[PDB]
Amino acid sequence: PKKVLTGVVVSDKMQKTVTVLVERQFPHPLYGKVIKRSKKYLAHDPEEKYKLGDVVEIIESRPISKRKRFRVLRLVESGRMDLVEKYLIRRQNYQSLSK
Amino acid sequence: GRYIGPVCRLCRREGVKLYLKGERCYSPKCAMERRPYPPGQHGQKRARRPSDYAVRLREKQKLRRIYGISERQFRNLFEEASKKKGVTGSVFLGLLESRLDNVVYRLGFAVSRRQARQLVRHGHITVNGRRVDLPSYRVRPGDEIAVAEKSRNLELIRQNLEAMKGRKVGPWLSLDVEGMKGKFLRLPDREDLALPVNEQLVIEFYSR
Amino acid sequence: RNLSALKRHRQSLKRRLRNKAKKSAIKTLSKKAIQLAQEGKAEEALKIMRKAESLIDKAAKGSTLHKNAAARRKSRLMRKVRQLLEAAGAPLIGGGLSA
Amino acid sequence: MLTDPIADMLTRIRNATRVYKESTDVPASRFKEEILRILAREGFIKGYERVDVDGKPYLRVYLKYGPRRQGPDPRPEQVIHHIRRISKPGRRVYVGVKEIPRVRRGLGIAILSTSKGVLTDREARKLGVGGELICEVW
Amino acid sequence: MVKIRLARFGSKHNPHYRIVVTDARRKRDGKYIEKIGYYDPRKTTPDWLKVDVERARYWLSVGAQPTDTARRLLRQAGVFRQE
Amino acid sequence: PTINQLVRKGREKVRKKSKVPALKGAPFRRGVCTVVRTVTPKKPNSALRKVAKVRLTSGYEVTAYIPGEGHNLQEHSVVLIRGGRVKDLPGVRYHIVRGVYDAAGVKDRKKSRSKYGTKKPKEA
RNA sequence: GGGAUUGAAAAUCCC
RNA sequence: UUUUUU
RNA sequence: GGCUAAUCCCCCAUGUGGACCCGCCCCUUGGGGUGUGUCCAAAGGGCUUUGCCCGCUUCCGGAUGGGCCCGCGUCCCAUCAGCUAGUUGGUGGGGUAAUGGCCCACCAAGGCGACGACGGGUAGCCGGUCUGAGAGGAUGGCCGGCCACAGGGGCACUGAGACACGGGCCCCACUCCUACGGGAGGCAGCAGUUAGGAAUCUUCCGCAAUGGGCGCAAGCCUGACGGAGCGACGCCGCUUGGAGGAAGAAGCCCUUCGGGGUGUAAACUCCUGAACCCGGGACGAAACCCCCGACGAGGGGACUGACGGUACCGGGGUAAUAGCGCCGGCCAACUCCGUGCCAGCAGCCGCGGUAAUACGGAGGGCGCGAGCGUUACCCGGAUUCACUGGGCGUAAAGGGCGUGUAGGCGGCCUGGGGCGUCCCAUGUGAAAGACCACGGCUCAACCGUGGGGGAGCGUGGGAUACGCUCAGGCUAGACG
Ligand SMILES: [Mg+2]
Ligand SMILES: [Mg+2]
Ligand SMILES: [Mg+2]
Ligand SMILES: [Mg+2]
Ligand SMILES: [Mg+2]
Ligand SMILES: [Mg+2]
Ligand SMILES: [Mg+2]
Ligand SMILES: [Mg+2]
Ligand SMILES: [Mg+2]
Ligand SMILES: [Mg+2]
Ligand SMILES: [Mg+2]
Ligand SMILES: [Mg+2]
Ligand SMILES: [Mg+2]
Ligand SMILES: [Mg+2]
Ligand SMILES: [Mg+2]
Ligand SMILES: [Mg+2]
Ligand SMILES: [Mg+2]
Ligand SMILES: [Mg+2]
Ligand SMILES: [Mg+2]
Ligand SMILES: [Mg+2]
Ligand SMILES: [Mg+2]
Ligand SMILES: [Mg+2]
Ligand SMILES: [Mg+2]
Ligand SMILES: [Mg+2]
Ligand SMILES: [Mg+2]
Ligand SMILES: [Mg+2]
Ligand SMILES: [Mg+2]
Ligand SMILES: [Mg+2]
Ligand SMILES: [Mg+2]
Ligand SMILES: [Mg+2]
Ligand SMILES: [Mg+2]
Ligand SMILES: [Mg+2]
Ligand SMILES: [Mg+2]
Ligand SMILES: [Mg+2]
Ligand SMILES: [Mg+2]
Ligand SMILES: [Mg+2]
Ligand SMILES: [Mg+2]
Ligand SMILES: [Mg+2]
Ligand SMILES: [Mg+2]
Ligand SMILES: [Mg+2]
Ligand SMILES: [Mg+2]
Ligand SMILES: [Mg+2]
Ligand SMILES: [Mg+2]
Ligand SMILES: [Mg+2]
Ligand SMILES: [Mg+2]
Ligand SMILES: [Mg+2]
Ligand SMILES: [Mg+2]
Ligand SMILES: [Mg+2]
Ligand SMILES: [Mg+2]
Ligand SMILES: [Mg+2]
Ligand SMILES: [Mg+2]
Ligand SMILES: [Mg+2]
Ligand SMILES: [Mg+2]
Ligand SMILES: [Mg+2]
Ligand SMILES: [Mg+2]
Ligand SMILES: [Mg+2]
Ligand SMILES: [Mg+2]
Ligand SMILES: [Mg+2]
Ligand SMILES: [Mg+2]
Ligand SMILES: [Mg+2]
Ligand SMILES: [Mg+2]
Ligand SMILES: [Mg+2]
Ligand SMILES: [Mg+2]
Ligand SMILES: [Mg+2]
Ligand SMILES: [Mg+2]
Ligand SMILES: [Mg+2]
Ligand SMILES: [Mg+2]
Ligand SMILES: [Mg+2]
Ligand SMILES: [Mg+2]
Ligand SMILES: [Mg+2]
Ligand SMILES: [Mg+2]
Ligand SMILES: [Mg+2]
Ligand SMILES: [Mg+2]
Ligand SMILES: [Mg+2]
Ligand SMILES: [Mg+2]
Ligand SMILES: [Mg+2]
Ligand SMILES: [Mg+2]
Ligand SMILES: [Mg+2]
Ligand SMILES: [Mg+2]
Ligand SMILES: [Mg+2]
Ligand SMILES: [Mg+2]
Ligand SMILES: [Mg+2]
Ligand SMILES: [Mg+2]
Ligand SMILES: [Mg+2]
Ligand SMILES: [Mg+2]
Ligand SMILES: [Mg+2]
Ligand SMILES: [Mg+2]
Ligand SMILES: [Mg+2]
Ligand SMILES: [Mg+2]
Ligand SMILES: [Mg+2]
Ligand SMILES: [Mg+2]
Ligand SMILES: [Mg+2]
Ligand SMILES: [Mg+2]
Ligand SMILES: [Mg+2]
Ligand SMILES: [Mg+2]
Ligand SMILES: [Mg+2]
Ligand SMILES: [Mg+2]
Ligand SMILES: [Mg+2]
Ligand SMILES: [Mg+2]
Ligand SMILES: [Mg+2]
Ligand SMILES: [Mg+2]
Ligand SMILES: [Mg+2]
Ligand SMILES: [Mg+2]
Ligand SMILES: [Mg+2]
Ligand SMILES: [Mg+2]
Ligand SMILES: [Mg+2]
Ligand SMILES: [Mg+2]
Ligand SMILES: [Mg+2]
Ligand SMILES: [Mg+2]
Ligand SMILES: [Mg+2]
Ligand SMILES: [Mg+2]
Ligand SMILES: [Mg+2]
Ligand SMILES: [Mg+2]
Ligand SMILES: [Mg+2]
Ligand SMILES: [Mg+2]
Ligand SMILES: [Mg+2]
Ligand SMILES: [Mg+2]
Ligand SMILES: [Mg+2]
Ligand SMILES: [Mg+2]
Ligand SMILES: [Mg+2]
Ligand SMILES: [Mg+2]
Ligand SMILES: [Mg+2]
Ligand SMILES: [Mg+2]
Ligand SMILES: [Mg+2]
Ligand SMILES: [Mg+2]
Ligand SMILES: [Mg+2]
Ligand SMILES: [Mg+2]
Ligand SMILES: [Mg+2]
Ligand SMILES: [Mg+2]
Ligand SMILES: [Mg+2]
Ligand SMILES: [Mg+2]
Ligand SMILES: [Zn+2]
């Protein structure tokens, strides 16, 4: 089975490429509670179909570039920017906590 | 090499008759006769109430010294029994009673444990027709423990089997006295043994 | 001292010269053929491209190009010629390529 | 807002038994009602019944206790000696069917919520399913 | 070339072999593809040779190559007997 | 600490510091003596305890206790260091092995001869 | 370095 | 002043 | 500079077939078929020389080994907080077996980070191992698997495979030869030397076994391997005797001076017989090969030991090494003399300044015993980093207070989905180890055969209470 993931597009800004953010849930190995990690995958979008906020399935593929080993399978759900703004706000908080 | 030295001195320190001497632990000379107090300069002094450890220690020695075994083989035997299914207590005993050297004694081929040890070590003992010169060898149930016909004319063997005419044998043993054969029928039970030892004290010695 | 696996190094250098030279001719004819395609001369480019192909598949017979390495060059060659021949096309010889 | 309604209910019962209340109200929820059913079946409470209190539904829980005891401190033995929430919010506890515990060497229960419903441990092992471990009761 | 050969699993002066399928390039005692029997040269037990013929016959179909010894044993369990 | 807190920060394994910087954590280390002294001990006791400064093959210079009733240790003798402190002298963390290269064993020692490094005598 | 001194020492005192 | 609270 | 052979190199041919451009068909990333066009094959040798054996060529498939890619897991420091220019993506190209910024040209301006980027420190990883009731902690020697390296650094060539330990080139450090112009090296292979170090072996035998390379074979090579040697370094088995023997010798020790102790211990009586001598004397070894049969099946037959004259069997046969630690409490074992805060002991608490069971010796006793102690290190006791399993009024610990970002957490009812969670099946979880059973060395250690277990993840099927999510409703929280 080629691994299939489902995440949300957070970056339009490349050519023929979208950044998909894929959340994950699991119990902590020692302390047990359900914890929530999330990793960004660089997915291949040859037709520039998919846009910001689109929740898409992502599928393990033959390497397209560096950092690119997945293609966009299909659009599960379109246009939820709430997920994007959660990630935007977070990235924006990093401008404090320096000096 | 196991403990080699005075013995009817250990009869004394345990406060119980130890039959390692063979005969004369029966005759009124065992020194458990008219000297039941422990050896040394402070033997006749009033003993102090023993520590909870002191009790458990003297009880294992009571058992180990009876079978004439080094702590090494003794401890290995015990750790073996705590793994096998069944009561760690009794199983331990059945393993010491399965030692060939002890079996030879129990069968009355030799007077003492120590003498039975020398008879095995010197090849006078047959197991199922073959010679076995290892005292630690474990006897299985059903095996025939006989006297090698090379030594069947030896006066020490005819001596011990002379006194064995009509004497009864353990309910887990049986022997033919003329052909000098003998059989290990089954493992002995806790009840089968009259040993003056509380095993639960020995299990508790190794808990620490 | 003086192990006679030195003989292996001796032969190494002979094979070096054989392989080296075969490939030099491959490259020199391919560029010659592509040049003529770029210059519109259809017959001459084909007549040369055939020798390049023959030279390629011949180098695969030995241990020079043995693999699909031969097909790469053949594929890339025929592609470039037919495309470069898309400038007043008229593929005269038509020998190498397909109808 | 209430934080963990189940532990809240378990505690309402816990605190009420230590002063030997006859009854105690807990805010009404179906899931809570399914816990109360297992306890009522298992003999830890006389039982429960729905009831309104100022318009809003509640659940009266009718506790039970032992016989009055002999000299000093006549207060009876408890039927519920120990009630303890296990899988709380902020650390959730699920067990497979082989990971289901033996509570007080069989003399207690462990109320499991399973895909086949809220079951005691015995019922769940017999049904052959695991799930979220709600509490020990013994 | 995949081969059928013996690997030593006894102790010193107590050899015991595992008739074994492995690539000829691994160590004699190292990782192998399948165990297809055993061999006790000193014949200490009533059964000191076993094969599972039908499995040995498989590896010969796909081109395993037995040692002179492995073949001598496979012939004993009759891998090649054809009547 | 809430479970969440344990997920965020977690417990911290306690790092045990070594009481004996005999480097390479070796069982012994040999050195050459610098001084041989006699030092007054801590409060509840009084004596003249024999010690020695030692340059070690570890690159260290430390004091070491000379066990036994008498010693042949001089300013320049070479010795082997054991480890284990002398309670009642401060800053003395290592002992000296008696019966090693230049530190003779204790003469006329008849009871505990493994320690203090003396052989077995004959009885006529 | 020995006496006084203290349970014994420091100190102090005496050849 | 220092050890020892018997 | 010159001659020459070939299973060396090349050209033409035959095209089973394959390769490539294009078209079409089916599949769906570059998989399979098809048409036209183009391009591509080869090598001989041996005999029992009319037939067979060893090879050669193109293609399809199998088998084995491997390259590359992905999910998840993988130590410490935040007194490392911002990092990034081929850096992130794109188009075209180069390269390779093959994807890919792997490299290149041009275009866009991205990519990563508090879920720990970047930097620093440390370190091969795993099966397993030690420990622990477990959860965990620690560790990665030997054996097995993967990786990386071959004096340090870089690079390629040959080839199915290498960027190659005992192959090549270059730079650097070092040693050796040097006619000073220039050369040769590379034990982290086996042994062995030297240096460091508390410390780690034989410059051994053998190709008989197993395995590897080449050869039709005979055979050759193999410090892989199989054996021997040294070291109580570990484990296991074994001996230093057994039975009789005084209300009890001498000596030593204590003493109430009566006696008590070492102690059946010795002496001595009887018996056995570790060592050692003598004779016999292995398994590990049956194929390859030869003969019959067709060089098959099958049968038949012959040669082949390092260990080693070792194991083992039989005969003879001698009473024949004991040590080390401790005895104030924890902790089993106590008295005398010596010494007087000295000499010394001490793991901690503490002993010793004139009666010390704590120092030193003796007698005695306790504990182990070919060992026994010590030091170092690891886990344990330690619920003393507390998931199991701790805490913060006065013992270590509530931030001086608010506002609020991220995050964690979320009242009652219905429905959808089924992500978490649960069940079934199935694949995987190498071997060894661990566990149970039986068996082989006289036992054991050791070894063999069989059996069972297993968290995790893949896949298919299912359940929906709870948590998640989407849709709807309520008013007990909150707000107005
Ligand atoms: Mg999502
Ligand atoms: Mg875009
Ligand atoms: Mg994690
Ligand atoms: Mg963990
Ligand atoms: Mg856990
Ligand atoms: Mg697609
Ligand atoms: Mg789909
Ligand atoms: Mg997010
Ligand atoms: Mg047991
Ligand atoms: Mg049981
Ligand atoms: Mg009897
Ligand atoms: Mg019986
Ligand atoms: Mg234990
Ligand atoms: Mg050379
Ligand atoms: Mg050659
Ligand atoms: Mg040119
Ligand atoms: Mg041509
Ligand atoms: Mg090549
Ligand atoms: Mg819990
Ligand atoms: Mg599970
Ligand atoms: Mg349980
Ligand atoms: Mg549990
Ligand atoms: Mg069932
Ligand atoms: Mg390999
Ligand atoms: Mg098999
Ligand atoms: Mg057979
Ligand atoms: Mg068979
Ligand atoms: Mg061979
Ligand atoms: Mg066949
Ligand atoms: Mg037939
Ligand atoms: Mg973590
Ligand atoms: Mg977190
Ligand atoms: Mg931490
Ligand atoms: Mg260090
Ligand atoms: Mg230094
Ligand atoms: Mg240094
Ligand atoms: Mg110490
Ligand atoms: Mg004053
Ligand atoms: Mg006091
Ligand atoms: Mg010439
Ligand atoms: Mg020439
Ligand atoms: Mg041709
Ligand atoms: Mg054709
Ligand atoms: Mg086209
Ligand atoms: Mg054609
Ligand atoms: Mg050729
Ligand atoms: Mg011919
Ligand atoms: Mg001919
Ligand atoms: Mg000819
Ligand atoms: Mg394959
Ligand atoms: Mg493969
Ligand atoms: Mg560190
Ligand atoms: Mg970066
Ligand atoms: Mg940089
Ligand atoms: Mg750069
Ligand atoms: Mg490209
Ligand atoms: Mg290549
Ligand atoms: Mg490509
Ligand atoms: Mg462009
Ligand atoms: Mg992350
Ligand atoms: Mg994030
Ligand atoms: Mg680094
Ligand atoms: Mg390192
Ligand atoms: Mg264990
Ligand atoms: Mg760990
Ligand atoms: Mg480690
Ligand atoms: Mg680890
Ligand atoms: Mg590790
Ligand atoms: Mg080694
Ligand atoms: Mg191992
Ligand atoms: Mg080995
Ligand atoms: Mg390894
Ligand atoms: Mg791998
Ligand atoms: Mg390197
Ligand atoms: Mg290098
Ligand atoms: Mg080749
Ligand atoms: Mg390499
Ligand atoms: Mg390399
Ligand atoms: Mg070398
Ligand atoms: Mg060389
Ligand atoms: Mg050279
Ligand atoms: Mg140094
Ligand atoms: Mg040195
Ligand atoms: Mg060796
Ligand atoms: Mg061959
Ligand atoms: Mg021939
Ligand atoms: Mg040679
Ligand atoms: Mg070897
Ligand atoms: Mg031993
Ligand atoms: Mg005697
Ligand atoms: Mg005899
Ligand atoms: Mg043989
Ligand atoms: Mg034979
Ligand atoms: Mg041969
Ligand atoms: Mg013939
Ligand atoms: Mg045959
Ligand atoms: Mg004999
Ligand atoms: Mg004697
Ligand atoms: Mg005591
Ligand atoms: Mg001492
Ligand atoms: Mg005196
Ligand atoms: Mg005195
Ligand atoms: Mg006193
Ligand atoms: Mg004393
Ligand atoms: Mg003393
Ligand atoms: Mg003594
Ligand atoms: Mg030791
Ligand atoms: Mg510790
Ligand atoms: Mg702990
Ligand atoms: Mg601490
Ligand atoms: Mg806790
Ligand atoms: Mg519990
Ligand atoms: Mg605490
Ligand atoms: Mg609090
Ligand atoms: Mg205070
Ligand atoms: Mg405050
Ligand atoms: Mg607030
Ligand atoms: Mg919020
Ligand atoms: Mg909720
Ligand atoms: Mg939520
Ligand atoms: Mg639903
Ligand atoms: Mg639907
Ligand atoms: Mg599901
Ligand atoms: Mg499974
Ligand atoms: Mg396994
Ligand atoms: Mg374990
Ligand atoms: Mg057996
Ligand atoms: Mg299973
Ligand atoms: Mg599934
Ligand atoms: Mg309203
Ligand atoms: Mg209001
Ligand atoms: Zn007696």
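Residues numbered from 1 in each chain as written, not as in the entry; some residues may be left out. Chains lettered and ligands numbered in written order. Part of a larger assembly, values for the part shown. Heavy atoms only, no water.

For this deposited structure, the header cites X-ray crystallography as the method used and 3.4000 Å as the resolution.

Looking up chain E in the PDB entry gives the name 30S ribosomal protein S16, with the organism given as Thermus thermophilus. For this entry, the PDB title field holds "Crystal Structure of 30S ribosomal subunit from Thermus thermophilus". Database annotation for chain E, UniProt heading Subunit: "Part of the 30S ribosomal subunit." Recorded in UniProt under Sequence similarities, the annotation for chain E is "Belongs to the bacterial ribosomal protein bS16 family." (UniProt positions renumbered as here; feature names shortened; annotations may be inferred.)

The name given to chain B in the PDB entry is 30S ribosomal protein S4, with Thermus thermophilus as the source organism. What UniProt states about chain B under its Subunit (literature references left out) heading is, verbatim, "Part of the 30S ribosomal subunit. Contacts protein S5. The interaction surface between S4 and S5 is involved in control of translational fidelity." The UniProt entry for chain B carries the following text under Sequence similarities: "Belongs to the universal ribosomal protein uS4 family."

Colleague: Residues and numbers for the domain arrangement of chain B, please.
Modeller: Residue and element names in this part refer to chain B. Per the domain assignment, the segments of chain B are domain 1 (1-96 + 194-208) and domain 2 (97-193). Spacing between the C-alpha centres of domain 1 and domain 2 amounts to 23 Å. Facing 26 residues of domain 1, the contacting portion of domain 2 comprises 19 residues. Roughly 1800 Å² of surface becomes buried between domain 1 and domain 2 when both sides are summed, with 45% attributable to carbon and sulfur atoms. Contact with domain 2 buries surface across domain 1, with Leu20, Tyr67 and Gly94 losing the most and accounting together for 23% of the total. The interface formed by domain 1 and domain 2 includes two salt bridges. Run the count over domain 1 and domain 2 and you get 13 residue pairs in polar contact. Sorting the residues of the side of domain 1 that touches domain 2 by element identifies α2 (52-67), α3 (71-81) and α4 (88-96) as the ones contributing at least two each. Sort the elements by how many residues they give to the side of domain 1 that touches domain 2 and α4 lands first, with five residues. Per-class residue counts for the side of domain 1 that touches domain 2 are 15 nonpolar, six polar and five charged. (Domains from an automatic or database assignment. Contact = heavy atoms within 4.5 Å. Buried area = accessible area lost by both parts, 1.4 Å probe. Salt bridge = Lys/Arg side-chain N within 4 Å of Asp/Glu carboxyl O. Polar contact = N/O pair within 3.5 Å; in protein donor to acceptor, adjacent residues only side chain to side chain. Helix = DSSP H or I, 4+ residues; strand = E, 2+ residues; numbered from the N terminus. Nonpolar A, V, L, I, M, F, W, Y, C, P; charged D, E, K, R; others polar.)

Colleague: So what's going on with the protein's contact with RNA strand I? Which residues, and what values?
Modeller: Near RNA strand I there are 249 residues, and of these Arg9(B), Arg114(B), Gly95(C), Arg85(F) and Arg109(F) occur at the shortest range. For RNA strand I, the fraction of atoms within 4 Å of the protein that belong to sugar or phosphate moieties is 80%. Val7(B) places a main-chain nitrogen or oxygen 3.0 Å from a phosphate oxygen of RNA strand I. In the surface near RNA strand I, the residues fall into 76 nonpolar, 68 polar and 105 charged. (Near = heavy atom within 4 Å.)

Colleague: Give me the interface of chain F and chain A: which residues, what numbers.
Modeller: How big an interface is tends to be reported as the loss of accessible area on association of its parts. Residue-level contacts link six residues of chain F with four residues of chain A. Interface area for chain F against chain A, summed over the two sides, is near 440 Å², with a carbon-plus-sulfur share of 74%. Taken together, chain F and chain A are joined by zero salt bridges. At the surface where chain F touches chain A, the tally comes to one residue pair in polar contact.

Colleague: Could you give an account of the UniProt feature "binding site: Zn(2+)" in chain B, naming the residues involved and the relevant values?
Modeller: Residue and element names in this part refer to chain B. In this structure's numbering, the residues bearing the UniProt feature "binding site: Zn(2+)" are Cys8, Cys11, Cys25 and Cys30. Considering the C-alpha atoms alone, the annotated residues occupy 23 residues of sequence yet fold into one spot, their largest mutual distance being 9.2 Å. Assignment of secondary structure puts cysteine 25 in the loop between α1 (10-13) and α2. For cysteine 25, a relative accessible area of 0% translates into the label buried. Here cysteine 25 is in contact with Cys8, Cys11, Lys17, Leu18, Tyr19 and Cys30, once residues within four sequence places are set aside. With respect to the helices and strands, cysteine 30 occurs in the loop between α1 and α2. Residue class for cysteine 30 comes out buried when judged on its relative accessible area of 0%. (Buried < 20%, exposed > 50% of the residue type's maximum accessible area, 1.4 Å probe, protein only.)

Colleague: A description of the sheet that holds strand β2 (residues 45-53) of chain D should follow, citing residues and the corresponding values.
Modeller: All names here are of chain D. Read across the sheet, three strands follow the order β1-β3-β2 without closing on themselves; strand pairing throughout is antiparallel. A single partner strand is all that each edge strand has here, and the edge strands are β1 (23-27) and β2. Between one strand axis and the next, the sheet turns through 30° on average, direction left out of account. Where β2 and strand β3 (residues 56-63) come together, eight bridges link them in antiparallel fashion. By the bridge assignment, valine 51 is partnered in β3 with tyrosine 58. Against the sheet, helix α1 (residues 5-18) makes contact with β1 and β3, and its axis sits at roughly 165° relative to β1, the strand it touches most. (Pairing = 2+ DSSP bridges. Axes fitted to C-alpha atoms, helices over the stretch in contact; angles between N-to-C directions.)

Colleague: Which residues make up the nonpolar core, and what values go with them?
Modeller: All names here are of chain B. With 52 residues, the main nonpolar core has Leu63, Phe92, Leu96, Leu100, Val104, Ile125 and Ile145 as its most contacted residues. For this core, the two domains that each supply at least three residues are domain 1 (1-96 + 194-208) and domain 2 (97-193). Ignoring anything within four residues of it in the chain, the contact list for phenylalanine 92 reads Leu63, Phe74, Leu77, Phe78 and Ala81. (Core = buried A, V, L, I, M, F, W, Y, C linked by side-chain atoms within 4.5 Å.)

Colleague: Can you lay out helix α3 (residues 69-84) of chain C for me, pointing to particular residues and giving the numbers?
Modeller: Residue and element names in this part refer to chain C. Here α3 is 16 residues long and its end C-alpha atoms lie 23 Å apart, about the 22 Å a rise of 1.5 Å per residue gives. The complete set of buried residues in α3 reads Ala69, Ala70, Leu77 and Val81. Mapping the buried residues of α3 onto a view down its axis gives an arc of 110°, with all of them on the same face. (Expected span 1.5 Å × (residues − 1). Arc of directions from axis to C-beta.)

Colleague: Can you break down the pattern of salt bridges residue by residue, with the values?
Modeller: Opposite charge on two side chains lets them pair, provided their charged atoms get close. For the structure on display, the rule yields 39 salt bridges over all chains. One continuous salt-bridge network, built from bridges that share partners, spans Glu77(A), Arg80(A) and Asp82(A).

Colleague: Describe in detail the sheet that holds strand β2 (residues 17-27) of chain A, supporting the description with residues and values.
Modeller: Residues and elements named next belong to chain A. The sheet built from five strands closes into a barrel, its strands ordered β1-β2-β3-β5-β4 with mixed pairing. Strand-to-strand twist across the sheet, computed as the mean angle between neighbouring axes with direction ignored, equals 50°. With three bridges joining them, strand β1 (residues 4-11) and β2 adopt antiparallel strand pairing. Within β2, the residue paired with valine 9 across the bridge is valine 20.

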